[PDB]
$ cat structure.tsv   # TSV, N, CA and C atoms
chain	number	residue	atom	x	y	z
A	1	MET	N	110.59	23.88	-53.28
A	1	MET	CA	110.81	23.98	-54.74
A	1	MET	C	111.95	24.98	-55.05
A	2	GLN	N	112.84	24.59	-55.97
A	2	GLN	CA	113.78	25.52	-56.64
A	2	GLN	C	113.23	25.90	-58.02
A	3	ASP	N	112.11	25.25	-58.40
A	3	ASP	CA	111.45	25.38	-59.71
A	3	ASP	C	110.51	26.60	-59.70
A	4	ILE	N	111.10	27.76	-59.40
A	4	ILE	CA	110.38	29.03	-59.23
A	4	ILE	C	109.86	29.55	-60.59
A	5	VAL	N	110.62	29.27	-61.67
A	5	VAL	CA	110.26	29.68	-63.05
A	5	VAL	C	109.00	28.91	-63.51
A	6	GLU	N	109.02	27.59	-63.27
A	6	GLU	CA	107.93	26.67	-63.64
A	6	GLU	C	106.66	27.04	-62.84
A	7	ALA	N	106.86	27.25	-61.53
A	7	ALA	CA	105.79	27.58	-60.59
A	7	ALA	C	105.18	28.95	-60.89
A	8	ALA	N	106.01	29.91	-61.34
A	8	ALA	CA	105.56	31.28	-61.65
A	8	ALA	C	104.68	31.31	-62.90
A	9	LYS	N	105.01	30.45	-63.88
A	9	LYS	CA	104.21	30.26	-65.09
A	9	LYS	C	102.81	29.78	-64.71
A	10	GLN	N	102.78	28.66	-63.96
A	10	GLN	CA	101.53	28.03	-63.50
A	10	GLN	C	100.72	28.98	-62.63
A	11	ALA	N	101.43	29.80	-61.83
A	11	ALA	CA	100.83	30.79	-60.94
A	11	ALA	C	100.11	31.88	-61.75
A	12	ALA	N	100.82	32.42	-62.76
A	12	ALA	CA	100.31	33.51	-63.59
A	12	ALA	C	99.03	33.09	-64.33
A	13	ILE	N	99.11	31.94	-65.03
A	13	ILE	CA	97.99	31.40	-65.83
A	13	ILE	C	96.79	31.08	-64.91
A	14	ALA	N	97.08	30.52	-63.71
A	14	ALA	CA	96.05	30.14	-62.71
A	14	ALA	C	95.29	31.37	-62.17
A	15	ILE	N	95.99	32.51	-62.07
A	15	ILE	CA	95.39	33.80	-61.70
A	15	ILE	C	94.35	34.22	-62.76
A	16	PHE	N	94.69	34.05	-64.06
A	16	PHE	CA	93.75	34.32	-65.18
A	16	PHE	C	92.59	33.29	-65.20
A	17	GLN	N	92.86	32.06	-64.73
A	17	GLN	CA	91.83	31.01	-64.59
A	17	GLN	C	90.80	31.40	-63.52
A	18	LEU	N	91.27	32.10	-62.47
A	18	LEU	CA	90.38	32.61	-61.42
A	18	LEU	C	89.55	33.81	-61.93
A	19	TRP	N	90.15	34.66	-62.79
A	19	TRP	CA	89.46	35.87	-63.33
A	19	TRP	C	88.22	35.49	-64.17
A	20	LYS	N	88.28	34.32	-64.83
A	20	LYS	CA	87.16	33.78	-65.62
A	20	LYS	C	86.29	32.84	-64.76
A	21	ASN	N	86.91	32.16	-63.77
A	21	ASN	CA	86.25	31.14	-62.93
A	21	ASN	C	87.03	30.95	-61.60
A	22	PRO	N	86.73	31.78	-60.53
A	22	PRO	CA	87.48	31.75	-59.23
A	22	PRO	C	87.23	30.48	-58.39
A	23	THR	N	86.34	29.61	-58.88
A	23	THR	CA	86.00	28.33	-58.25
A	23	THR	C	86.81	27.16	-58.87
A	24	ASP	N	87.80	27.48	-59.75
A	24	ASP	CA	88.63	26.46	-60.43
A	24	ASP	C	89.50	25.72	-59.39
A	25	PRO	N	89.34	24.36	-59.22
A	25	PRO	CA	90.03	23.59	-58.16
A	25	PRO	C	91.56	23.54	-58.36
A	26	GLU	N	91.99	23.40	-59.62
A	26	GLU	CA	93.41	23.23	-59.97
A	26	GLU	C	94.17	24.54	-59.75
A	27	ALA	N	93.57	25.63	-60.26
A	27	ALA	CA	94.12	26.99	-60.19
A	27	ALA	C	94.33	27.44	-58.74
A	28	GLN	N	93.24	27.40	-57.95
A	28	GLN	CA	93.24	27.87	-56.55
A	28	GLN	C	94.21	27.04	-55.68
A	29	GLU	N	94.32	25.72	-55.98
A	29	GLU	CA	95.13	24.78	-55.20
A	29	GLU	C	96.62	25.06	-55.38
A	30	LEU	N	97.05	25.13	-56.66
A	30	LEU	CA	98.47	25.29	-57.00
A	30	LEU	C	98.99	26.63	-56.46
A	31	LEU	N	98.13	27.69	-56.55
A	31	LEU	CA	98.43	29.04	-56.01
A	31	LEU	C	98.65	28.99	-54.49
A	32	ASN	N	97.89	28.12	-53.80
A	32	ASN	CA	97.95	27.98	-52.33
A	32	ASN	C	99.25	27.27	-51.91
A	33	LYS	N	99.76	26.40	-52.80
A	33	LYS	CA	100.96	25.59	-52.56
A	33	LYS	C	102.25	26.39	-52.81
A	34	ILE	N	102.27	27.19	-53.90
A	34	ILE	CA	103.51	27.84	-54.41
A	34	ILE	C	103.61	29.32	-53.98
A	35	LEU	N	102.47	30.02	-53.98
A	35	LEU	CA	102.37	31.43	-53.54
A	35	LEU	C	101.86	31.47	-52.10
A	36	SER	N	101.75	32.68	-51.53
A	36	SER	CA	101.10	32.90	-50.24
A	36	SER	C	99.58	32.65	-50.35
A	37	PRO	N	98.92	32.10	-49.28
A	37	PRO	CA	97.44	31.95	-49.23
A	37	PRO	C	96.70	33.30	-49.35
A	38	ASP	N	97.43	34.38	-49.00
A	38	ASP	CA	96.96	35.77	-49.12
A	38	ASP	C	96.75	36.16	-50.60
A	39	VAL	N	97.65	35.66	-51.47
A	39	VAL	CA	97.67	36.00	-52.90
A	39	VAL	C	96.44	35.43	-53.63
A	40	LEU	N	96.14	34.13	-53.44
A	40	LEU	CA	94.99	33.47	-54.09
A	40	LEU	C	93.67	34.16	-53.68
A	41	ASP	N	93.65	34.65	-52.42
A	41	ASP	CA	92.46	35.26	-51.81
A	41	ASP	C	92.18	36.63	-52.43
A	42	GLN	N	93.20	37.50	-52.48
A	42	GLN	CA	93.06	38.84	-53.08
A	42	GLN	C	92.74	38.75	-54.60
A	43	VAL	N	93.28	37.70	-55.27
A	43	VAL	CA	93.01	37.45	-56.69
A	43	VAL	C	91.53	37.10	-56.91
A	44	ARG	N	90.98	36.16	-56.10
A	44	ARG	CA	89.60	35.64	-56.30
A	44	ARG	C	88.53	36.72	-56.03
A	45	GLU	N	88.82	37.66	-55.10
A	45	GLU	CA	87.92	38.79	-54.77
A	45	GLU	C	87.71	39.69	-56.00
A	46	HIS	N	88.85	40.10	-56.60
A	46	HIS	CA	88.88	40.97	-57.79
A	46	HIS	C	88.45	40.20	-59.05
A	47	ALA	N	88.62	38.88	-59.01
A	47	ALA	CA	88.29	37.97	-60.12
A	47	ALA	C	86.79	37.96	-60.39
A	48	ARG	N	86.01	37.98	-59.29
A	48	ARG	CA	84.54	38.09	-59.34
A	48	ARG	C	84.11	39.42	-59.99
A	49	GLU	N	84.90	40.48	-59.73
A	49	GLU	CA	84.63	41.84	-60.22
A	49	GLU	C	84.94	41.96	-61.72
A	50	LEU	N	86.04	41.31	-62.17
A	50	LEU	CA	86.47	41.31	-63.59
A	50	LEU	C	85.56	40.39	-64.43
A	51	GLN	N	85.03	39.35	-63.78
A	51	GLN	CA	84.01	38.45	-64.36
A	51	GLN	C	82.67	39.20	-64.53
A	52	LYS	N	82.36	40.04	-63.52
A	52	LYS	CA	81.13	40.87	-63.50
A	52	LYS	C	81.26	42.07	-64.47
A	53	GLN	N	82.52	42.48	-64.74
A	53	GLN	CA	82.84	43.42	-65.83
A	53	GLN	C	82.57	42.75	-67.18
A	54	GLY	N	82.86	41.44	-67.25
A	54	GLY	CA	82.70	40.66	-68.47
A	54	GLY	C	83.90	40.80	-69.39
A	55	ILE	N	85.09	41.01	-68.78
A	55	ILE	CA	86.35	41.15	-69.51
A	55	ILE	C	86.73	39.79	-70.12
A	56	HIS	N	86.42	39.61	-71.41
A	56	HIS	CA	86.84	38.43	-72.15
A	56	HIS	C	88.27	38.67	-72.63
A	57	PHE	N	89.21	37.96	-72.04
A	57	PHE	CA	90.62	37.96	-72.46
A	57	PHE	C	90.95	36.60	-73.06
A	58	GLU	N	92.03	36.53	-73.82
A	58	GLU	CA	92.46	35.30	-74.50
A	58	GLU	C	93.99	35.24	-74.45
A	59	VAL	N	94.52	34.26	-73.70
A	59	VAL	CA	95.96	34.09	-73.46
A	59	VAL	C	96.67	33.63	-74.75
A	60	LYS	N	97.45	34.54	-75.36
A	60	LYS	CA	98.10	34.29	-76.66
A	60	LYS	C	99.51	33.71	-76.47
A	61	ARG	N	100.30	34.37	-75.62
A	61	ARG	CA	101.73	34.07	-75.42
A	61	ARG	C	102.04	34.13	-73.92
A	62	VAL	N	102.78	33.13	-73.41
A	62	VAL	CA	103.29	33.09	-72.02
A	62	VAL	C	104.80	32.89	-72.08
A	63	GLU	N	105.57	33.85	-71.55
A	63	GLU	CA	107.04	33.78	-71.48
A	63	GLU	C	107.48	34.08	-70.05
A	64	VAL	N	107.93	33.04	-69.33
A	64	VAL	CA	108.42	33.18	-67.95
A	64	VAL	C	109.96	33.12	-67.93
A	65	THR	N	110.57	34.04	-67.18
A	65	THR	CA	112.02	34.23	-67.13
A	65	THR	C	112.41	34.74	-65.74
A	66	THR	N	113.71	34.71	-65.42
A	66	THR	CA	114.23	35.23	-64.15
A	66	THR	C	114.77	36.65	-64.34
A	67	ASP	N	114.71	37.41	-63.25
A	67	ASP	CA	115.16	38.80	-63.16
A	67	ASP	C	115.80	38.96	-61.77
A	68	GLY	N	117.08	38.56	-61.70
A	68	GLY	CA	117.78	38.41	-60.43
A	68	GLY	C	117.18	37.29	-59.59
A	69	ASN	N	116.60	37.64	-58.43
A	69	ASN	CA	115.90	36.69	-57.55
A	69	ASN	C	114.38	36.71	-57.83
A	70	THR	N	113.91	37.75	-58.54
A	70	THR	CA	112.48	37.97	-58.81
A	70	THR	C	112.12	37.41	-60.20
A	71	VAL	N	111.18	36.48	-60.25
A	71	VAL	CA	110.77	35.82	-61.51
A	71	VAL	C	109.64	36.62	-62.19
A	72	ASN	N	109.83	36.97	-63.47
A	72	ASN	CA	108.87	37.78	-64.25
A	72	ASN	C	108.17	36.89	-65.29
A	73	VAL	N	106.82	36.96	-65.34
A	73	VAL	CA	106.03	36.27	-66.37
A	73	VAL	C	105.39	37.31	-67.29
A	74	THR	N	105.96	37.45	-68.49
A	74	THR	CA	105.45	38.32	-69.54
A	74	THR	C	104.45	37.52	-70.39
A	75	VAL	N	103.16	37.79	-70.20
A	75	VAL	CA	102.06	37.10	-70.89
A	75	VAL	C	101.24	38.13	-71.70
A	76	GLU	N	101.18	37.91	-73.03
A	76	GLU	CA	100.39	38.73	-73.95
A	76	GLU	C	98.98	38.13	-74.07
A	77	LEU	N	97.94	38.96	-73.86
A	77	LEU	CA	96.54	38.55	-74.01
A	77	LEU	C	95.82	39.53	-74.94
A	78	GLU	N	94.95	38.99	-75.81
A	78	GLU	CA	93.98	39.80	-76.55
A	78	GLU	C	92.71	39.90	-75.71
A	79	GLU	N	92.41	41.11	-75.22
A	79	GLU	CA	91.20	41.39	-74.44
A	79	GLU	C	90.15	42.07	-75.34
A	80	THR	N	89.03	41.38	-75.58
A	80	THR	CA	87.87	41.94	-76.27
A	80	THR	C	86.98	42.63	-75.23
A	81	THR	N	87.06	43.96	-75.21
A	81	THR	CA	86.31	44.82	-74.29
A	81	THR	C	85.82	46.06	-75.05
A	82	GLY	N	84.54	46.40	-74.86
A	82	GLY	CA	83.89	47.49	-75.58
A	82	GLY	C	83.64	47.17	-77.06
A	83	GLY	N	83.72	45.88	-77.42
A	83	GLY	CA	83.60	45.42	-78.81
A	83	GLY	C	84.92	45.45	-79.57
A	84	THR	N	85.98	45.98	-78.93
A	84	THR	CA	87.32	46.11	-79.53
A	84	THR	C	88.29	45.11	-78.88
A	85	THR	N	88.89	44.23	-79.70
A	85	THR	CA	89.94	43.30	-79.26
A	85	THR	C	91.29	44.00	-79.38
A	86	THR	N	91.98	44.20	-78.25
A	86	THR	CA	93.29	44.88	-78.20
A	86	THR	C	94.30	44.00	-77.45
A	87	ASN	N	95.59	44.16	-77.79
A	87	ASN	CA	96.68	43.47	-77.09
A	87	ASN	C	97.00	44.21	-75.78
A	88	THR	N	97.12	43.43	-74.71
A	88	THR	CA	97.39	43.93	-73.37
A	88	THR	C	98.34	42.93	-72.68
A	89	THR	N	99.58	43.36	-72.45
A	89	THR	CA	100.62	42.53	-71.86
A	89	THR	C	100.61	42.69	-70.34
A	90	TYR	N	100.42	41.58	-69.63
A	90	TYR	CA	100.52	41.54	-68.17
A	90	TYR	C	101.87	40.93	-67.80
A	91	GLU	N	102.65	41.64	-66.98
A	91	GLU	CA	103.90	41.12	-66.43
A	91	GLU	C	103.68	40.89	-64.94
A	92	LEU	N	103.48	39.62	-64.56
A	92	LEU	CA	103.29	39.22	-63.17
A	92	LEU	C	104.67	38.93	-62.59
A	93	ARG	N	105.13	39.86	-61.75
A	93	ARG	CA	106.49	39.91	-61.24
A	93	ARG	C	106.46	39.35	-59.81
A	94	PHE	N	106.81	38.06	-59.68
A	94	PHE	CA	106.73	37.33	-58.42
A	94	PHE	C	108.03	37.50	-57.63
A	95	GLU	N	107.93	38.25	-56.54
A	95	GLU	CA	109.04	38.53	-55.63
A	95	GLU	C	109.10	37.38	-54.60
A	96	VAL	N	110.23	36.67	-54.59
A	96	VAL	CA	110.41	35.39	-53.87
A	96	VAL	C	111.08	35.61	-52.49
A	97	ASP	N	110.75	34.72	-51.55
A	97	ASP	CA	111.34	34.69	-50.20
A	97	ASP	C	111.69	33.23	-49.84
A	98	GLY	N	112.99	32.89	-49.99
A	98	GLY	CA	113.49	31.55	-49.69
A	98	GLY	C	113.01	30.51	-50.70
A	99	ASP	N	111.97	29.76	-50.33
A	99	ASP	CA	111.45	28.63	-51.13
A	99	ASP	C	110.09	29.00	-51.77
A	100	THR	N	109.42	30.01	-51.20
A	100	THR	CA	108.03	30.36	-51.55
A	100	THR	C	107.92	31.86	-51.89
A	101	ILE	N	106.93	32.19	-52.72
A	101	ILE	CA	106.70	33.55	-53.22
A	101	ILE	C	105.67	34.26	-52.33
A	102	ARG	N	105.99	35.49	-51.90
A	102	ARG	CA	105.14	36.27	-50.96
A	102	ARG	C	104.36	37.36	-51.70
A	103	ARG	N	104.99	37.94	-52.72
A	103	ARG	CA	104.51	39.17	-53.37
A	103	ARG	C	104.41	38.95	-54.89
A	104	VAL	N	103.40	39.58	-55.50
A	104	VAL	CA	103.15	39.53	-56.95
A	104	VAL	C	102.78	40.94	-57.45
A	105	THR	N	103.54	41.45	-58.43
A	105	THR	CA	103.29	42.77	-59.01
A	105	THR	C	102.75	42.57	-60.44
A	106	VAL	N	101.44	42.75	-60.61
A	106	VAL	CA	100.77	42.59	-61.90
A	106	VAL	C	100.82	43.93	-62.65
A	107	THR	N	101.68	44.00	-63.68
A	107	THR	CA	101.88	45.22	-64.47
A	107	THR	C	101.09	45.12	-65.78
A	108	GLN	N	99.96	45.85	-65.88
A	108	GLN	CA	99.10	45.85	-67.07
A	108	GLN	C	99.60	46.92	-68.07
A	109	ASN	N	100.48	46.49	-68.99
A	109	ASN	CA	101.02	47.32	-70.07
A	109	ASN	C	100.22	47.10	-71.36
A	110	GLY	N	100.37	48.02	-72.31
A	110	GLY	CA	99.67	47.98	-73.58
A	110	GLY	C	99.58	49.37	-74.18
A	111	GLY	N	100.44	49.67	-75.16
A	111	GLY	CA	100.51	50.99	-75.79
A	111	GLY	C	101.18	50.94	-77.14
A	112	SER	N	101.06	52.04	-77.91
A	112	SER	CA	101.66	52.15	-79.25
A	112	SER	C	103.08	52.73	-79.17
A	113	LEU	N	104.05	51.86	-78.87
A	113	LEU	CA	105.49	52.17	-78.92
A	113	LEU	C	106.12	51.50	-80.16
A	114	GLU	N	105.39	50.53	-80.72
A	114	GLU	CA	105.81	49.71	-81.89
A	114	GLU	C	105.59	50.45	-83.24
A	115	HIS	N	105.69	49.69	-84.36
A	115	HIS	CA	105.46	50.21	-85.72
A	115	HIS	C	104.46	49.31	-86.46
A	116	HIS	N	103.17	49.75	-86.46
A	116	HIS	CA	102.01	49.10	-87.14
A	116	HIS	C	101.96	47.57	-86.90
A	117	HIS	N	101.74	47.20	-85.62
A	117	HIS	CA	101.69	45.79	-85.20
A	117	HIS	C	100.42	45.12	-85.74
A	118	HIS	N	100.59	44.10	-86.60
A	118	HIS	CA	99.47	43.33	-87.14
A	118	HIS	C	98.77	42.60	-85.97
A	119	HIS	N	97.52	42.99	-85.67
A	119	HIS	CA	96.77	42.44	-84.53
A	119	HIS	C	96.35	40.98	-84.81
A	120	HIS	N	95.19	40.82	-85.46
A	120	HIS	CA	94.48	39.54	-85.62
A	120	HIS	C	93.09	39.86	-86.23
$ encode --input "structure.tsv" --output "structure tokens"
Amino acid sequence: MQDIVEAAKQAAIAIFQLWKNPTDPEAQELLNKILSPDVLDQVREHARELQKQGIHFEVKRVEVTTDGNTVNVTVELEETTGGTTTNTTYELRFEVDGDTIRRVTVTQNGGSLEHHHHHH
């Protein structure tokens, strides 16, 4: 595949599909095809833990783009945790090797740098 942008989008969302349900056939399969088999495995282990936390997140916005050779997926989610729904942006930064992606850097951002952002 040269479709690293398309694959990175599907990869990012599929990782969140595992966090709610690590037994998802579509999610686990596509991750095994496009990313390393190591990546889907480390995701599903922690996915059981985030499910056991009961972290209800809701995927609001998905924006996938290139950053040199490394493809970045900036996805905004509203996470309802502790009874409070807050915006939390995950940037899954997929570092590529030839045709396939080996490494993924999940950056959990979310802070008040803005000016009175209307939540929901």
$ closest_residue --input "structure.tsv" --among "A:57, A:85, A:33, A:94" --to "residue 70 (chain A)" --atoms "all atoms listed in the file"
A:94
$ residues_around --input "structure.tsv" --residues "region 98-110 of chain A" --least-positions-apart "3" --cutoff "8 Å" --atoms "all atoms listed in the file" --output "ChimeraX atom specification"
/A:1-4,33-39,86-95,113
$ atom_distance --input "structure.tsv" --atom1 "CA of residue 10 (chain A)" --atom2 "CA of residue 74 (chain A)"
12.6 Å
$ residues_around --input "structure.tsv" --residues "region 22-25 of chain A" --least-positions-apart "6" --cutoff "6.5 Å" --atoms "all atoms listed in the file" --output "VMD selection string"
chain A and resid 44 47 to 48
$ write_last_selection --input "structure.tsv" --atoms "N, CA and C atoms" --output "CSV table (one decimal), keeping the file's coordinate frame"
chain,number,residue,atom,x,y,z
A,44,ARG,N,91.0,36.2,-56.1
A,44,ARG,CA,89.6,35.6,-56.3
A,44,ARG,C,88.5,36.7,-56.0
A,47,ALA,N,88.6,38.9,-59.0
A,47,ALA,CA,88.3,38.0,-60.1
A,47,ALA,C,86.8,38.0,-60.4
A,48,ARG,N,86.0,38.0,-59.3
A,48,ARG,CA,84.5,38.1,-59.3
A,48,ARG,C,84.1,39.4,-60.0
$ atom_distance --input "structure.tsv" --atom1 "atom C of residue 81 (chain A)" --atom2 "CA of residue 53 (chain A)"
10.0 Å
$ atom_distance --input "structure.tsv" --atom1 "atom N of residue 96 (chain A)" --atom2 "CA of residue 29 (chain A)"
19.2 Å
$ closest_residue --input "structure.tsv" --among "A:18, A:83, A:7, A:111" --to "residue 45 (chain A)" --atoms "all atoms listed in the file"
A:18
$ select_by_dssp --input "structure.tsv" --residues "region 1-115 of chain A" --states "alpha helix (DSSP H)" --output "number ranges by chain"
A: 4-20, 25-34, 37-53
$ select_by_dssp --input "structure.tsv" --residues "chain A" --states "strand (DSSP E)" --output "VMD selection string"
chain A and resid 56 to 67 70 to 81 84 to 97 100 to 109
$ axis_aligned_box --input "structure.tsv" --around "region 78-93 of chain A" --padding-each-side "8 Å" --output "AutoDock Vina command-line options"
--center_x 95.0 --center_y 43.2 --center_z -69.8 --size_x 38.9 --size_y 24.6 --size_z 35.9
$ residues_around --input "structure.tsv" --residues "residue 58 (chain A)" --least-positions-apart "6" --cutoff "8 Å" --atoms "all atoms listed in the file" --output "list in words"
residues 76, 77, 78, 79 and 80 of chain A
$ write_last_selection --input "structure.tsv" --atoms "N, CA and C atoms" --output "PDB file, in the coordinates of the input"
ATOM      1  N   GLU A  76     101.180  37.910 -73.030  1.00  0.00           N
ATOM      2  CA  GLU A  76     100.390  38.730 -73.950  1.00  0.00           C
ATOM      3  C   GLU A  76      98.980  38.130 -74.070  1.00  0.00           C
ATOM      4  N   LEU A  77      97.940  38.960 -73.860  1.00  0.00           N
ATOM      5  CA  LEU A  77      96.540  38.550 -74.010  1.00  0.00           C
ATOM      6  C   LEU A  77      95.820  39.530 -74.940  1.00  0.00           C
ATOM      7  N   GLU A  78      94.950  38.990 -75.810  1.00  0.00           N
ATOM      8  CA  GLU A  78      93.980  39.800 -76.550  1.00  0.00           C
ATOM      9  C   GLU A  78      92.710  39.900 -75.710  1.00  0.00           C
ATOM     10  N   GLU A  79      92.410  41.110 -75.220  1.00  0.00           N
ATOM     11  CA  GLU A  79      91.200  41.390 -74.440  1.00  0.00           C
ATOM     12  C   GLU A  79      90.150  42.070 -75.340  1.00  0.00           C
ATOM     13  N   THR A  80      89.030  41.380 -75.580  1.00  0.00           N
ATOM     14  CA  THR A  80      87.870  41.940 -76.270  1.00  0.00           C
ATOM     15  C   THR A  80      86.980  42.630 -75.230  1.00  0.00           C
TER      16      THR A  80
END
$ residues_around --input "structure.tsv" --residues "region 62-64 of chain A" --least-positions-apart "4" --cutoff "8 Å" --atoms "only N, CA and C atoms" --output "PDB file with N, CA and C atoms, in the frame of the given file"
ATOM      1  N   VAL A   5     110.620  29.270 -61.670  1.00  0.00           N
ATOM      2  CA  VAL A   5     110.260  29.680 -63.050  1.00  0.00           C
ATOM      3  C   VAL A   5     109.000  28.910 -63.510  1.00  0.00           C
ATOM      4  N   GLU A   6     109.020  27.590 -63.270  1.00  0.00           N
ATOM      5  CA  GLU A   6     107.930  26.670 -63.640  1.00  0.00           C
ATOM      6  C   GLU A   6     106.660  27.040 -62.840  1.00  0.00           C
ATOM      7  N   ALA A   8     106.010  29.910 -61.340  1.00  0.00           N
ATOM      8  CA  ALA A   8     105.560  31.280 -61.650  1.00  0.00           C
ATOM      9  C   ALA A   8     104.680  31.310 -62.900  1.00  0.00           C
ATOM     10  N   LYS A   9     105.010  30.450 -63.880  1.00  0.00           N
ATOM     11  CA  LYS A   9     104.210  30.260 -65.090  1.00  0.00           C
ATOM     12  C   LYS A   9     102.810  29.780 -64.710  1.00  0.00           C
ATOM     13  N   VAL A  71     111.180  36.480 -60.250  1.00  0.00           N
ATOM     14  CA  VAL A  71     110.770  35.820 -61.510  1.00  0.00           C
ATOM     15  C   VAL A  71     109.640  36.620 -62.190  1.00  0.00           C
ATOM     16  N   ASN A  72     109.830  36.970 -63.470  1.00  0.00           N
ATOM     17  CA  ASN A  72     108.870  37.780 -64.250  1.00  0.00           C
ATOM     18  C   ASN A  72     108.170  36.890 -65.290  1.00  0.00           C
ATOM     19  N   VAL A  73     106.820  36.960 -65.340  1.00  0.00           N
ATOM     20  CA  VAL A  73     106.030  36.270 -66.370  1.00  0.00           C
ATOM     21  C   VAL A  73     105.390  37.310 -67.290  1.00  0.00           C
ATOM     22  N   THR A  74     105.960  37.450 -68.490  1.00  0.00           N
ATOM     23  CA  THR A  74     105.450  38.320 -69.540  1.00  0.00           C
ATOM     24  C   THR A  74     104.450  37.520 -70.390  1.00  0.00           C
ATOM     25  N   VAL A  75     103.160  37.790 -70.200  1.00  0.00           N
ATOM     26  CA  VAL A  75     102.060  37.100 -70.890  1.00  0.00           C
ATOM     27  C   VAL A  75     101.240  38.130 -71.700  1.00  0.00           C
ATOM     28  N   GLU A  76     101.180  37.910 -73.030  1.00  0.00           N
ATOM     29  CA  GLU A  76     100.390  38.730 -73.950  1.00  0.00           C
ATOM     30  C   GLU A  76      98.980  38.130 -74.070  1.00  0.00           C
ATOM     31  N   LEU A  77      97.940  38.960 -73.860  1.00  0.00           N
ATOM     32  CA  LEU A  77      96.540  38.550 -74.010  1.00  0.00           C
ATOM     33  C   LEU A  77      95.820  39.530 -74.940  1.00  0.00           C
TER      34      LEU A  77
END
$ build_atoms --input "structure.tsv" --residues "region 97-111 of chain A" --atoms "N, CA, C and O atoms" --output "PDB file, keeping the file's coordinate frame"
ATOM      1  N   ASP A  97     110.750  34.720 -51.550  1.00  0.00           N
ATOM      2  CA  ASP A  97     111.340  34.690 -50.200  1.00  0.00           C
ATOM      3  C   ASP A  97     111.690  33.230 -49.840  1.00  0.00           C
ATOM      4  O   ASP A  97     110.810  32.437 -49.471  1.00  0.00           O
ATOM      5  N   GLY A  98     112.990  32.890 -49.990  1.00  0.00           N
ATOM      6  CA  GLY A  98     113.490  31.550 -49.690  1.00  0.00           C
ATOM      7  C   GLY A  98     113.010  30.510 -50.700  1.00  0.00           C
ATOM      8  O   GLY A  98     113.559  30.408 -51.801  1.00  0.00           O
ATOM      9  N   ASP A  99     111.970  29.760 -50.330  1.00  0.00           N
ATOM     10  CA  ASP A  99     111.450  28.630 -51.130  1.00  0.00           C
ATOM     11  C   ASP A  99     110.090  29.000 -51.770  1.00  0.00           C
ATOM     12  O   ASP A  99     109.699  28.419 -52.796  1.00  0.00           O
ATOM     13  N   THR A 100     109.420  30.010 -51.200  1.00  0.00           N
ATOM     14  CA  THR A 100     108.030  30.360 -51.550  1.00  0.00           C
ATOM     15  C   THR A 100     107.920  31.860 -51.890  1.00  0.00           C
ATOM     16  O   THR A 100     108.700  32.675 -51.405  1.00  0.00           O
ATOM     17  N   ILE A 101     106.930  32.190 -52.720  1.00  0.00           N
ATOM     18  CA  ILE A 101     106.700  33.550 -53.220  1.00  0.00           C
ATOM     19  C   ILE A 101     105.670  34.260 -52.330  1.00  0.00           C
ATOM     20  O   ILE A 101     104.598  33.710 -52.052  1.00  0.00           O
ATOM     21  N   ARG A 102     105.990  35.490 -51.900  1.00  0.00           N
ATOM     22  CA  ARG A 102     105.140  36.270 -50.960  1.00  0.00           C
ATOM     23  C   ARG A 102     104.360  37.360 -51.700  1.00  0.00           C
ATOM     24  O   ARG A 102     103.202  37.643 -51.363  1.00  0.00           O
ATOM     25  N   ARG A 103     104.990  37.940 -52.720  1.00  0.00           N
ATOM     26  CA  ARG A 103     104.510  39.170 -53.370  1.00  0.00           C
ATOM     27  C   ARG A 103     104.410  38.950 -54.890  1.00  0.00           C
ATOM     28  O   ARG A 103     105.213  38.216 -55.471  1.00  0.00           O
ATOM     29  N   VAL A 104     103.400  39.580 -55.500  1.00  0.00           N
ATOM     30  CA  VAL A 104     103.150  39.530 -56.950  1.00  0.00           C
ATOM     31  C   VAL A 104     102.780  40.940 -57.450  1.00  0.00           C
ATOM     32  O   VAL A 104     101.849  41.570 -56.931  1.00  0.00           O
ATOM     33  N   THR A 105     103.540  41.450 -58.430  1.00  0.00           N
ATOM     34  CA  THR A 105     103.290  42.770 -59.010  1.00  0.00           C
ATOM     35  C   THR A 105     102.750  42.570 -60.440  1.00  0.00           C
ATOM     36  O   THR A 105     103.509  42.258 -61.356  1.00  0.00           O
ATOM     37  N   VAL A 106     101.440  42.750 -60.610  1.00  0.00           N
ATOM     38  CA  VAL A 106     100.770  42.590 -61.900  1.00  0.00           C
ATOM     39  C   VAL A 106     100.820  43.930 -62.650  1.00  0.00           C
ATOM     40  O   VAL A 106     100.143  44.888 -62.263  1.00  0.00           O
ATOM     41  N   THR A 107     101.680  44.000 -63.680  1.00  0.00           N
ATOM     42  CA  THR A 107     101.880  45.220 -64.470  1.00  0.00           C
ATOM     43  C   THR A 107     101.090  45.120 -65.780  1.00  0.00           C
ATOM     44  O   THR A 107     101.483  44.378 -66.689  1.00  0.00           O
ATOM     45  N   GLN A 108      99.960  45.850 -65.880  1.00  0.00           N
ATOM     46  CA  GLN A 108      99.100  45.850 -67.070  1.00  0.00           C
ATOM     47  C   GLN A 108      99.600  46.920 -68.070  1.00  0.00           C
ATOM     48  O   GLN A 108      99.257  48.106 -67.968  1.00  0.00           O
ATOM     49  N   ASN A 109     100.480  46.490 -68.990  1.00  0.00           N
ATOM     50  CA  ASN A 109     101.020  47.320 -70.070  1.00  0.00           C
ATOM     51  C   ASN A 109     100.220  47.100 -71.360  1.00  0.00           C
ATOM     52  O   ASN A 109      99.484  46.106 -71.489  1.00  0.00           O
ATOM     53  N   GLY A 110     100.370  48.020 -72.310  1.00  0.00           N
ATOM     54  CA  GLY A 110      99.670  47.980 -73.580  1.00  0.00           C
ATOM     55  C   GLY A 110      99.580  49.370 -74.180  1.00  0.00           C
ATOM     56  O   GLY A 110      98.736  50.176 -73.758  1.00  0.00           O
ATOM     57  N   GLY A 111     100.440  49.670 -75.160  1.00  0.00           N
ATOM     58  CA  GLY A 111     100.510  50.990 -75.790  1.00  0.00           C
ATOM     59  C   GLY A 111     101.180  50.940 -77.140  1.00  0.00           C
ATOM     60  O   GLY A 111     101.801  49.928 -77.497  1.00  0.00           O
TER      61      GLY A 111
END
